[PDB]
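Chemist: Before I ask anything, let me first share the structure, which is written out below as structure tokens.
Number of protein chains: 2
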Amino acid sequence: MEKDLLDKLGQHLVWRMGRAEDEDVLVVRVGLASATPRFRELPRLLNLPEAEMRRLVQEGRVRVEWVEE
Amino acid sequence: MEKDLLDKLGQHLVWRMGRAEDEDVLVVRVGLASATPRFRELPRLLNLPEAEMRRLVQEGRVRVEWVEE
């Protein structure tokens with residue numbers, strides 16, 4: 001299990017998600033815990049119902065983004 | 101914040117990730133907490149260094165998967 005592996009290295013990943021503000025796309029942002037401050041600086045994502053999230057993942061309308069610390 | 105929104109609905113999302121066994125692709129699997137049992141039934145993913153994960157996300161070699169409960 002990946003989370004466990006990272007736990008053993010003292011590493012933790014930060015996850016944030018939501019819909020892009022101007023396109024019908026689910027955005028997943030991921031980075032090391034040390035990059036946390038940068039997440040809030042990024043353009044804001046919108047909350048959305050869990051059903052909408054399922055729809056977007058199933059249609060492949062998802063963008064995963066790496067946030068540099 | 102999405103996690104918070106879902107917390108208010110008693111909903112929780114399960115996240116698992118790792119590299120696909122036969123292709124250079126980072127796989128992210130997501131589903132409702134009630135779908136947890138199904139995750140372990142799925143083909144196994146491989147642990148990988150956090151640096152490799154960053155590389156894969158940055159090159160766009162990522163597949164997000166929805167796990168039905």
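Just so you know, the sequences run in chain order A and B.
Everything in the first sequence is counted per this note's numbering, starting at 1 for the first residue and increasing by one.
Everything in the second sequence is counted per this note's numbering, starting at 101 for the first residue and increasing by one.
Backbone N, C-alpha and C define an ideal beta-carbon position, used for all residues, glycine too.
So, under 8 Å CB-CB, A:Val27 and A:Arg19 are touching, yes? Tell me the CB distance rounded to an integer number of Å.
Modeler: Indeed, because the Cβ distance is near 7 Å, the residues count as touching under 8 Å.
Chemist: Who are the near neighbours of A:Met1 in its chain, counting only those whose CB is closer than 6 Å to its CB and skipping five residues on each side?
Modeler: No residues qualify anywhere along the chain.
Chemist: Between the alpha carbons of B:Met153 and B:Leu109, how many angstroms are there, rounded?
Modeler: Answer to the nearest angstrom: the Cα atoms are 31 Å apart.
Chemist: Can you list, in chain order, the stretches of the alpha helix (DSSP H) that have 4 or more residues and sit fully within the segment 133 to 168 of chain B?
Modeler: Complete alpha helix (DSSP H) runs here, min 4: 136 to 139, 150 to 158.
Chemist: For a contact meaning CB atoms closer than 8 Å, what does B:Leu132 contact in chain A?
Modeler: In chain order: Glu50.
Chemist: Would the beta-carbon of B:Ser134 be found less than 7 Å away from any heavy atom of the ligand HEM?
Modeler: With respect to small molecules bound, the structure shown includes none, and the ligand HEM cannot be examined in it.
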